[PDB]
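Below, in structure tokens: the form deposited in one PDB entry, a single chain.
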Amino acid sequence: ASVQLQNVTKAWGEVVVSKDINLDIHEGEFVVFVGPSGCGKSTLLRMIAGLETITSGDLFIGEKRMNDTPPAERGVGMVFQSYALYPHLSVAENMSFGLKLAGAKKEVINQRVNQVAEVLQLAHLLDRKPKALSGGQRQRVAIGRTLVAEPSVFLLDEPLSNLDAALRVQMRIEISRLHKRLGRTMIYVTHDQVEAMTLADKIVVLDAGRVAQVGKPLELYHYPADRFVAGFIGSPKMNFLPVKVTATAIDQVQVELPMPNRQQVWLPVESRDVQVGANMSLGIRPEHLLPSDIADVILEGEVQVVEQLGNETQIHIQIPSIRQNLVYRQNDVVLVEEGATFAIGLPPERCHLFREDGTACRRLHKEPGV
């Protein structure tokens, strides 16, 4: 239960999707692969599972190479995106099929299935068939299958994907309690950043086959390695303002906004490998923006959209300077009419800066929980 990759590579014909990637996943670590649709989350998971070949590179699980080893003999169990429930078999048989075939032990099955069905609450549906079960129930059957199998490593391929928002939120808690109870390694594919931040001890952001960044939830959030990881993590997306670089210092970097009021501001950020007169993206999360009265760097424009979430208010502002509405976020309700003028404060301490290639300038402001 300690999977690890070294220069792993996949290619369909001459098309090389993923250049040599490395991962060091420790014992009992909740790892989460994240990215858009078709960025190589599932291919990785399936390459780990043995369902897909490795074109080049070493895959170890428990310090032993697994490339040529078939999926069955990898000490690994998968929860498929479609659940992969055998329609003809019952729920109990769906969960036990693996250990039913090869060493059929009636009493062993009965015990393992019922004990797993106890913790997942599938006890009263063991004699049912996959068609009868609701999606939420159907999902926990696919989970049970791996729990009954008791693999060293767990693989989950977008497990909460086809579930109701409310039920998707509830299952996250179940998976977090399920993980730290069993305490075994879990590799977890998903597109939702929300699911990564809460479940994962380590996250792997995948940009079209390339590994964008590997690290802890709060490390990725506070210190993205590039514009991609910055834009990917965040309930509402980060605001990216086109800014020209004007000056530089050892402890900070100065940049010029794209507005007619060409205001300038020093950011506490790695100045190493940056040039003056360069065009860059100012990163700033909707949550970190302050009210106008507080900060000195004001940003003012017409409000287009005002989403009242109850617990907070999300305001989209048309700044007549950048053609990309600035998203503001604030707790409690904020009575703001749509079409009305609204100003917001930009705090320099909470500002990212990404180069032409997209690489983030390493922030210098220390943040909590890192």
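Take the two forms, find the largest set of C-alpha atoms that superpose within 1.5 Å, and that set is the rigid core. Residue indices: 1-based, along the sequence shown.
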Of 228 to 236 and 67 to 75, which one has the bigger average CA B-factor?
67 to 75
Tell me which stretch, 134 to 142 or 100 to 108, has the higher mean Cα B-factor listed in the entry.
100 to 108
Note to self: of 123, 282, 206, 220, the C-alpha temperature factor tops out at 123
Out of 292, 90, 254, 213, whose C-alpha atom has the biggest B factor in the entry?
292
Compared with the other modelled residues in the chain, in which third is the CA B-factor of residue 19?
highest
Can you tell me whether residue 183 has a C-alpha B-factor in the lowest, middle or highest third compared with the other modelled residues of the same chain?
highest
For the chain shown, is the CA B-factor of residue 60 in the lowest, middle or highest third of its modelled residues?
highest
Ranking the modelled residues of this chain by C-alpha B-factor as given in the entry, is residue 305 in the lowest, middle or highest third?
middle
Relative to the other modelled residues in the chain, which third contains the C-alpha temperature factor of residue 51: lowest, middle or highest?
lowest
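The protein also exists as the form deposited in another entry; that form is not presented, and the subsequent description refers to it.
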Superpose on the rigid core, then report which one of 272, 262, 177, 237 has a CA displacement of at least 2 angstroms between the shown form and the other one.
177
Do you see a C-alpha shift of 2 Å or more at residue 87 between the shown form and the other one, with the core held fixed?
no
Does superposing the core leave residue 98 with a CA shift of 2 Å or more between the shown form and the other one?
yes
Using a superposition on the rigid core, decide whether the Cα position of residue 213 changes by 2 angstroms or more between the shown form and the other one.
no
If the CA atoms of residue 17 and residue 84 move by 3 Å or more in the other form, do they move toward each other or away, so closer or farther than here?
closer
